[PDB]
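Taking it in order: structure first as structure tokens, then the write-up.
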Amino acid sequence: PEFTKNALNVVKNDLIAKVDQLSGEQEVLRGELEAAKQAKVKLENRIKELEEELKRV
Amino acid sequence: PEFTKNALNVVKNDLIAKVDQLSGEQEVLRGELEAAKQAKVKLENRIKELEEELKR
């Protein structure tokens with residue numbers, strides 16, 4: 001009864017902590033993913049600039 | 001002239017190489033995101049089951 005409730009709360013809170021840890025990892029990864037996406041746009045625009053410059057000899 | 005063309009291509013090819021590396025990083029990152037998302041879903045279902053058991 002008291003032991004059971006206690007035990008259930010202990011494991012429940014363990015799992016909640018694991019979820020929060022994953023959420024933290026997610027936020028970091030999403031940040032890296034956004035940074036990569038923006039950096040790629042810049043590079044691709046620069047490649048188009050260089051292709052124009054090559055055309056102009 | 002030809003020296004100019006070669007020089008610009010060095011820069012162009014380097015940028016292309018960098019784009020490819022970022023494409024690789026994006027794919028790895030997306031794979032890790034999906035794994036995390038799926039892991040979270042499983043944890044949340046386990047938490048829900050425990051919450052329902054606590055109600056009893």
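Letters go in sequence order (proteins before strands), and every chain restarts at 1.
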**Any A:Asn45 side-chain heavy atom under 4.5 Å of A:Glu49 side chain** = no

**Asked** Which heavy atom in A:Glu44 sits nearest to a heavy atom in B:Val19, and how many Å separate them?
**Response** OE2-CG1, 4.0 Å

**Prompt:** Any side-chain heavy atom of A:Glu34 sitting closer than 4.5 Å to one from A:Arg30?
**Reply:** no

**Asked** Can you list the residues that meet the salt bridge (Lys or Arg N to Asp or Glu O under 4.0 Å) rule with B:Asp14, with sequence neighbours excluded?
**Response** B:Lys18

**Asked** Mind checking what makes side chain to side chain donor-acceptor pair (under 3.5 Å) contact with B:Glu27, not counting sequence neighbours?
**Response** none

**Request:** Could you check if a side-chain atom of A:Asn6 sits within less than 4.5 angstrom of a side-chain atom of A:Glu2, using non-hydrogen atoms only?
**Result:** no

**Request:** Nearest 0.5 Å please: distance from the CG atom of A:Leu33 over to the CD atom of A:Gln38.
**Result:** 10.5 Å

**Prompt:** Any side-chain heavy atom of B:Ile47 within less than 4.5 Å of one from B:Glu51?
**Reply:** yes

**Complete:** Rounding to 0.5 Å, atoms CG (A:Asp20) and NZ (B:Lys40) come to a distance of 8.0 Å

**Request:** Treating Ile, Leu, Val, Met, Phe, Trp and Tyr as nodes and any side-chain heavy-atom pair under 4.5 angstrom as an edge, say whether B:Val28 and A:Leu43 lie in one connected cluster.
**Result:** no

**Request:** Starting at CG of B:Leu22, measure out to CG of B:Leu29 and round the result to the nearest 0.5 Å.
**Result:** 10.0 Å

**Fill in**
Scanning both residues in full, the closest heavy-atom pair of A:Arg46 with B:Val11 reads NH2-CG1, 4.5 Å

**Prompt:** How far apart are the closest heavy atoms of A:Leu8 and B:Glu53, and which atoms are they?
**Reply:** CD1-CG, 3.9 Å

